[PDB]
Structures are given as structure tokens and as C-alpha cells.
């Protein structure tokens, strides 16, 4: 099996060290294997050293990376990835073409607090973050608590899925789980997202106990010198 | 609440969590009449990080903002092979997150 | 209300009306755990007076007022043979229909 | 040496009950050394000198170096249905802009019907 | 007819005035003064920092209107900075707190 | 306040509506606000939307050069009458910029 993962916009926009990776797995172990990259016009590009170590279960696990201009990717030039093995004399050729960009649109971000019935159990609370209506796909979402980022393993993110009501539109979910005590200590959580359409490329929404469907509206309206001198 | 300011559509989400094993079934209906299956989408059972082998799923439904405001209730039903009746329902409507009470305190003065 | 100003017990009733034919099944469960059939009673299908060719039943559940003031959703499941999937349920809690309350405190001066 | 403070006053409430005329007073105080004169313009057009009557600089009741002056003007009662605002002005050397146009109108003054209408919503996060 | 004395957008106060004609006479022409404040309710204390507690007290010194702020403006952009740990690389990025108004 | 332009139809068959086009805003709607509650219900808007009833008889053409946008509605019926509005922003109410009236003499 030969797997190719194209670079993500969340990697490009954040590191500026973009690269594309082809990896091989489920293959008998055999040294002296060559990894190459080919464009549509046949030009070859430099492949990087530091190939990944083989997996402990007696199968391949390799990394191959190369740098191509972001403007070249935006030009929609088809690129091909090839690997050579003696088992299969015919090298495996796979395409990592970037299809430019379809009509761009901004992702509406709605963040919702835990349900009232769930808090009745006084066990744990789950906060969701519903991104909606962004074209194209590959949105990047992360969570931090009171200015401190959380582990990637404390939340789960979905994958873009079609939108029945809107043709050519996608949406995604994300949920974070924490104890009830943490939710009941005014701790604040936020759901930052990253997308090409976003004018600042990054936007965020935030909720806490007091803002998520509260049971009290405590207000202290106070005005003075109503007469005053107005001109 | 923000989604409502656009006066276009609304999205009710049904969240099923904690079950084991997989293969749960979710359907949407109002006032006892089943709803068309081309208006909602359901996710496949996804592993739960902390849980050893429990899973979760989520489904969403889109309705007109007017319909939400009209006062119609929408019930969500899940069918799993572990529930004693193998069926369960929940219910939400406009009267769910209304502020229970106000505590305003005007202190108008001229000095 | 006057039942609760006793601090001994409260009764919750589950009126079922307008079904046909008989042999409806009602049971009471708390937060997913079915309760013992001795804790509640149930009536028998008796005809609806103004509505011909119909029946209705009843069921009450006794419960301490100590725990009713804390939660305990207390859903009432019904199993007839004409429902879309043969089972339905409803629930009520201490805050089922509490309305909005205003506490304006003008300090007009 | 201090900024010449100035003020203006409208006609008296009981004065608007004989239906003959009305007087508007522009009070000029301070301006040490005493160097001021007032010209009463309306709509940018100076009025006749025979209308406004400035008198003299006079020392303040307690006068280390300060002074003050008073200048009034006579109008017609029936003309106040439109106001015209009858602007006043002062001039002094101890002023960065050497002009402090001061004007009032029937609308300006003490209000007699307060109508506060405050509203409370949760969609007022942004002021449209 | 009504003139505008205050149009503050930070406090959404619109102080105006009008004089109503009496019953066919130039006397007792009562003057008016209309004030309309719209409290936000869902905004924070530090409007440009989404971590400060909610805004409970609202003080309105009408004299100043005719600096802590209360609401946002339909004609401006609010931004901030947040840490991102993509690839174990803590990095500060400008985030459009109020998007759709930064275009 | 903003203008109260009024248009009529002179028997059904076609109708044309014009409203000013604001700058630095991406959303444009023509909600009818013909509800007892008053809450305006967006009829035809950008950002992708349309009215369950109004379909195939409603289209929008924005012209930045003239600072105007154009909406063309084919035919005419009894339902699509009354008044209409225009605006921008992300709040159908509190974001209006005109109050137009639609009538037909048929």
C-alpha cells in the first residue's frame, strides 16, 4: 500500500515549510528502494533524506518530502508520486494534484453549551462547536482553556461532510468533555478555527457558565445627572 | 441564538453518547408523524477517547426559522440493542433555555 | 400544591386517553431504571363517555416529597399497539412549567 | 492673567407674559487685563450697535487682578417662535482662538418633559 | 423635526429633543427630551478580551455623552492574539474576534 | 431614517425592485416583514437562501458600479403583495435600509 498525504493549509499558513509526503506500508521489508516525484512535464524535484524507520510489525513506513511553490500549487499543475520496489517491477504512480479552489465562502462558527438535563446528572459536561457552510473543505479547529491550549487527545474533530440544503457546501463538528466542577468554576473555553476564506485566516467564539443559556439576568442599571448640560 | 438572527434556517442537534457496541439508529419526527429522511444527516459510531470501548454519534436537522418560532416541537428517537425497551425519546422547543428570572435594579439620580 | 404542604408524599398521575383497542401497558421508570410494579397502581380500560368506541386508563405513582424537590425526571412510558413504533413516553419534573419572574427594584430619586 | 470665562442667559419666564419684548444677557467675566468687547451676530450677520449695550469692565467683588463686564440686547417677543439663536461672542488676548462664540435657543434650556425609554435585549452586542 | 444631541455608538445613547406646539397659542409650549439606551447584556467587561467576566453594572454619566466601552460598532474590526501548538510550535496569531466586519 | 420608495404593478405579469447597495457588506436580502409578530422573514438573500414559496420567480443581480442591486420577480399572485424591505449585515431586523411597498391593480 502506497499512501500520499498532500500538505494542509493549516500546515502551510502556520509553518511556511510546506511539503508533500508519500508513505508505503503493508510491504515486505526490502532495502534499496527509491522514492521520486514527477510533474506532468516530466521534470524531477529533489527528494529529502531521513527516511522513516520500518514499522515493528515487519512492514514499511517511509517518509518522502519535497517543496513546490504555493503559486505553482495554485496554478493547478498535476503532480505524480512514484515509488520503486523489486516485488512490483512496475512502479506505483499516484496523483497529489491540488484542484486550485472552488467558490470560497466563510465558515459560520456556532458554539453551544452543555444540555441542562446532562448537568442534572452532575457527572461531566460536553461543549460542542458547529462549523457550518464553508467551501472548500479542510478546516482546522483547536481548543484552549483560559488562555492555555489543551491536549489534542481531550477532544474529537469530525471530517467535512456534504450539506443537503446547500449544494457545494460542507460542515464539521467538534466536542470537548470536562468534569462538572470545572464547568461550575467559571472556567472559560474557546473554539478557534482556521480557513482560507477567513479575512484574518483565524476567528474564535467563547462561552462560559454565565453566558451559556443562563438562569439569571442580574443587572445593575445606574444613571445620574440626567438633566446635565447637553448641547 | 445567533443562527436565529439571520432569519433563514435553524439546526437542532441530537447527541447520542456512551453506548457500546456500535450500530445505533436515529430517526426524527414531530407530533408522532415521521419526518422525511432527506432532511437530516447522522454520523457513524466514533470511538470515545477516555472510554475503553464506548462510542458516540450525533445527528442534526435543519428546519425553517419560522417553524421554530411557530412553536412546533421536534422529538428525536434512538434505537439500540441495549435499552430495556430498545427505544428512547427526547424533546426540545422554544421554551427550553428561557431565563428563569430577571433581577433588574434601576437607580436613577440627578446627583 | 396543597398536597406538598404536608411533607410526607406526593402522587403523579399519567392520564392516557382515546386509544383503541384495550390492553395498553404502562410502567414507570426513573432515569432509565424501571421501578418496581408495587410502587404504582394502574386502572383498567374503561369506555370514553362522550367519545364512542374508545377507552382510557390511569396510573398514579406515590413518591416522597423529599426527593421530588431535587430532580428525578420520572418518565411515564406507554406501550399501545398503534403507535408509530409501539412505544412512547413523557416526563415531568419539579420545574416542568415554572414561568418567568421579574424582580424590578426601582430606587427612583 | 486667566482665560476670560463667558456665559449667556435666556429671557425670564415671567418676562414672556406681557407680550412686548425680551432681553438676552451675555456675561463676560475675567479677562485680565480688561480687554473685551462683544458684537451680537445672528446668522453670521452683525446686529446694529444700537441694540446691544456694553457698558464697561468692572472689578469682581474680590479682585486680586480679575475683572468682569455685562452686555444685554433687546429683541421682539413675537420673534421667539423661531428662535434665530441670537449668538454672542467675546474677544481677548489671553485666548488661543481669540473667539468663544456663545449662542442659545428656545430649544436649549431647562427641559419640562423627560421621556427616558431604556430597552433590554441579548442581541444588542453590536450597536447597529 | 427632532434634533440629535448625542449619537454615541459605544453606549448606544441617542439624546434628542423636540418642542410640541400648544393648542393654537404661543404659550406653554412644553419642551421634550427623549433618551434611548440599549443595554448589551451578552458583552464582556473588557470588550476586546474574551476572558473577563460578564458585564453586570452599567453606569451612564449623561453629562459626558453630551475609556471602558459597552457595545461594538457596525463600522470597525476587533482583533486579538491566541497561542497555537501545531507541530509542537507555540505561535501567536491575530484572530478576528468580530469577523464579517474586518473584510 | 431612510427613503420610503413605493412601487406598483398595474396588473400582474412582471415586477422590478431596486434598492441601494451598501459598501463593505456581503449580505443583501429583501425580507417581506409581513408577519403579525413583526419579525422579518428573509425572502430572497445572498449567502445562499430563498423562500419556500418564492422559488423560480426571484433572482438578485448586484451592481457595484451603480451602487445598486436588482431583483427580478416573474408573474404575480395574491400572496406576494404588501410591503418589502432591503438591507445588509447579519441581522435581518435592525439592518434594514429601505421600506418599499408592493401593490397590484388587478
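Assorted remarks:
Per-chain residue numbering starts at 1, and chain names A, B, C, D, E and F are given in the order in which the chains are listed.
The rule we apply is simple: a residue touches a chain if its C-beta (ideal position, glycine included) is under 8 Å from a C-beta of that chain, and two chains touch if they have at least 3 such contacts.
Minimum number of contact steps separating chain A from chain E: 1. Chain centres defined as mean CA positions place E nearest to the mean of all protein CA atoms. Of all chains, the one whose CA centroid is most distant from that of chain C is D. Chain geometry summary: the mean Cα position of chain A and that of chain B are 25 Å apart. The distance from the centre of chain C to the centre of chain F, each centre being the mean of the chain's C-alpha atoms, comes to 49 Å. Averaged C-alpha coordinates put the centre of chain C at 75 Å from the centre of chain D. We define each chain's centre as the mean of its Cα atoms; on that basis chain A and chain D are separated by 66 Å. Within chain B, contacts with two or more other chains are made by residues 5, 9, 99-110. Contact of a single residue of chain F with at least two other chains is seen at positions 89-91. Shown for chain E are the residues that touch two or more other chains, namely 35, 37, 39, 41-42, 74, 100, 103.
Chain A contributes residues 10-11, 14-15, 106, 140, 142, 144, 146-147, 149, 186, 188, 190, 192, 198-204, 206, 210-211, 217-226, 228-231 to its touches with chain E in the complex.
Listing the residues of chain F that touch chain E in their complex gives 24, 26, 89-90. Here chain D touches chain A in the complex through residues 108, 110-111, 114, 116, 118, 120, going by the rule given at the top. The residues of chain B lying in touch with chain A in their complex are 2-3, 9, 11, 13, 15, 17, 38-39, 41, 43, 46, 49-50, 58, 60, 62, 90, 96-97, 99-111.
Across the complex, chain B is touched by residues 116, 120, 122-123 of chain D.
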